[PDB]
Amino acid sequence: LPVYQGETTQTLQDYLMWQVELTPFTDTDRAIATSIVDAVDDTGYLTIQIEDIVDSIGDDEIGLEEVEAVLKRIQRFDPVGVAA
Amino acid sequence: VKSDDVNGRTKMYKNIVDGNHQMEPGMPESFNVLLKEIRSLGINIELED
Amino acid sequence: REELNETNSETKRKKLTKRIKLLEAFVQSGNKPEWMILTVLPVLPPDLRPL
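Written out as structure tokens, the structure is:
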């Protein structure tokens, strides 16, 4: 009884975050996949686009191409069409 | 491996899929949580070497 | 130490050298004894208190 949780493997947006954590990726790829996943609304689409994540980060190393690649690697893992 | 804290479950799955078959001693993750305790870290004389 | 050295008996040997050893240890410890009643208190992480 430290914390509480719901459906898993089936773990909701966090299931997408885990499937991202369930694949081989670097620190930046995982960070961008997490930015895509956490920025997903209740409709399942990517709530905040790549531009919003880049602006909030303010990091030149994270680029539009890198963010798009990390999101496309996370386009359809669990389930298909997440962070739409 | 054999219990509950699915936190290193991802690491175990990744290592096994890679065939790495490797684990990290880390801390009883729950004793790391017991440090979270520690009278709220009140007892941390922990001289980690 | 002086009382144990001088006052020696069946009961005088006890209940005091225990106090002496406790004091010696607390000196070896060095912390402020006022920690028995503290000044701060831990609060559970939300991931420490469940529903």
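Protein chains in written order, with the authors' numbering: chain M, 107 to 190; chain C, 1293 to 1341; chain D, 202 to 252. Idealized CB from N, CA, C, for every residue including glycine.
Can you tell me where the alpha helix (DSSP H) with residue i in it begins and where it stops?
i              : result
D133(M)        : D133 to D144
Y121(M)        : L118 to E127
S210(D)        : Per DSSP, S210(D) belongs to no alpha helix (DSSP H) and is neither H nor E.
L177(M)        : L170 to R179
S1322(C)       : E1321 to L1333
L245(D)        : No alpha helix (DSSP H) holds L245(D); DSSP gives it neither H nor E.
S230(D)        : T218 to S230
residue 213(M) : Limits of chain M in this structure are 107 at one end and 190 at the other, which puts residue 213(M) out of reach.
Return yes when the Cβ of residue j is within less than 7 Å of the Cβ of residue i, no when it is not.
i              : j        : result
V146(M)        : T153(M)  : yes
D135(M)        : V176(M)  : yes
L252(D)        : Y110(M)  : yes
residue 264(M) : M123(M)  : This structure leaves residue 264(M) out entirely; chain M is present only between 107 and 190.
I221(D)        : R250(D)  : no
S1332(C)       : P243(D)  : yes
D1297(C)       : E1316(C) : no
Quick test of your reading: residue i and residue j, contact by CB under 8 Å. State the CB separation rounded to the nearest angstrom.
i        : j        : result
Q125(M)  : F183(M)  : 4 Å
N1336(C) : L1326(C) : Rounded, the Cβ-Cβ distance is 11 Å, inconsistent with contact.
What is the DSSP secondary structure of residue i, reduced to helix, strand or coil?
i        : result
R1301(C) : helix
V186(M)  : strand
Can you give me, in chain order, the residues of the segment 125 to 145 of chain M that have a beta carbon less than 9 Å from any beta carbon in chain C? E127, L128, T129 and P130
Residues within the segment 229 to 245 of chain D neighbouring chain C, beta-carbon criterion of under 8 Å: Going along the segment 229 to 245 of chain D in chain order, one finds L239, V241, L242, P243 and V244 with a Cβ nearer than 8 Å to chain C.
Could you please tell me which residues of the segment 1320 to 1339 of chain C, in chain order, have their CB closer than 9 Å to any CB of chain D? Near chain D, meaning a CB-to-CB distance below 9 Å, the residues of the segment 1320 to 1339 of chain C are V1325, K1328, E1329, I1330, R1331, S1332, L1333 and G1334.
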